[PDB]
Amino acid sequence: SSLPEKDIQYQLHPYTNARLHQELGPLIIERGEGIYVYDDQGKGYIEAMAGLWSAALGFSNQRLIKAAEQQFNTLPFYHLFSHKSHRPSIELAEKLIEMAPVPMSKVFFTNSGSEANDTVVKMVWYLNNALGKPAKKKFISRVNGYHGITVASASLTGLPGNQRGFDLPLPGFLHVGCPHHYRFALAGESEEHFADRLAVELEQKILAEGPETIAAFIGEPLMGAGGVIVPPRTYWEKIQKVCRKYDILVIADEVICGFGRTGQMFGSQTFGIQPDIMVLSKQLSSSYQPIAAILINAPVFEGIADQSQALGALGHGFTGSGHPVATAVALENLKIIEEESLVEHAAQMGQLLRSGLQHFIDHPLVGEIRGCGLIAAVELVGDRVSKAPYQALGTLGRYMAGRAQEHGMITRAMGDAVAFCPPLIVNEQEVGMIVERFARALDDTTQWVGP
């Protein structure tokens, strides 16, 4: 009958406890503008996550809306199968290739990040069969990495919450350590030496598995959903040397880091990664349309092209691959990010965010503050010396996130860390408000944990 009642009756929600949902119902979000969303009671919230790490231009960018309209009225749907094409897919693909931080050869479009990583898995398998290396198939990823939730991409993902009860990972999807100094460094170990030990771990993993069986290493430049985990200094340098030593492809999952999130246009620039393949989504279209993109370099394309010829055609593609409305919106989105100098602006807003949060560095429940550019997290602990949680891992984060919402801010808990990933258009005072609302939530949480 009521709208909340209909939701409970008819929707199975993602990333939601279904039974609790039947009791509590939804928080229905009705409208958005700038960095704000409003619920159906008219309460406004700063969307400090940009939705799902994604709405770079906020929730009422008229240029994107008009670009959708203009394309809708020209050609509202067509496809790229069997030599068919259309201008928006062509022009977007050109723009993505030309702005890539390393030389890239081709773009392949999907709807989601998960589909894109799933497609990259198939591409690498197809590639290595093309080349006559049928054993070179295994993927290496990392504990706490997030790469999506198809059967294959959830296998790449290294978060237990995405695997438990789903019979994952599949075989051939291997995991090395999470590069988080605060949690996994040895006592008195430096960042650089933590990085050394991670590179050794990767090489030993490869040697134990048989280097000839390892096709690819995939990683987010910095880990998003897994906690805003910034890798230790020299990690990417040392990891890439191990990969290049055994002819292992380096895949940068830029689904969150892409398009100005980390202080430069790509996480690959910020962290000195020269990937063979890049995966892009989210900020690509400010999530105004579902779209993702895979960039592959020359060797990857040439092997695939050779096979697609021998086997008649590339037996892969989604109905929505390169959708003309989604590609048109993404094209306009990238033009706005360039014309408005949002990469530079976000970097400056990020410095303000990070300096604001650092006033709480000696709070008794603050275990670590981390991030770079305009992405950050504050990890809470029940005890700073031991780094132990209050009650059980997740208890603090759950409480903090709930308090932040009460104070008009949407953040996301990742265990006991709360994340910040605001729209790139956030202004200085809005950053101040984000920090103030974080502060109030923290104060509430501290009184709740109590003496």
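Throughout, we count residues from 1 along the sequence that is shown. If you superpose the two forms and keep the largest set of C-alpha atoms that fall within 1.5 Å, you have the rigid core.
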Farther-lying stretch by C-alpha RMS in 4 other deposited structures of this protein (rigid core fit) among 389 to 397, 45 to 53:
389 to 397
Which has the higher mean CA temperature factor in the PDB entry, 283 to 291 or 194 to 202?
194 to 202
Out of 353 to 361 and 298 to 306, which stretch has the higher average CA B-factor listed in the record?
298 to 306
Deposited CA B-factor, highest of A252, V329, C243, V230:
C243
Top Cα B factor in the deposited entry, candidates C257, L207, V120, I149:
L207
So where's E406 on the chain's Cα temperature factor ranking, which third?
middle
Which third, lowest, middle or highest, does the C-alpha temperature factor of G226 belong to within its own chain?
lowest
Looking at the C-alpha B-factor of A187, is it in the lowest, middle or highest third of its chain?
highest
Sorting the chain's CA B-factors, does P101 end up in the lowest, middle or highest third?
highest
Taking only the Cα B-factors deposited for this chain, tell me whether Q70 sits in the lowest, middle or highest third.
highest
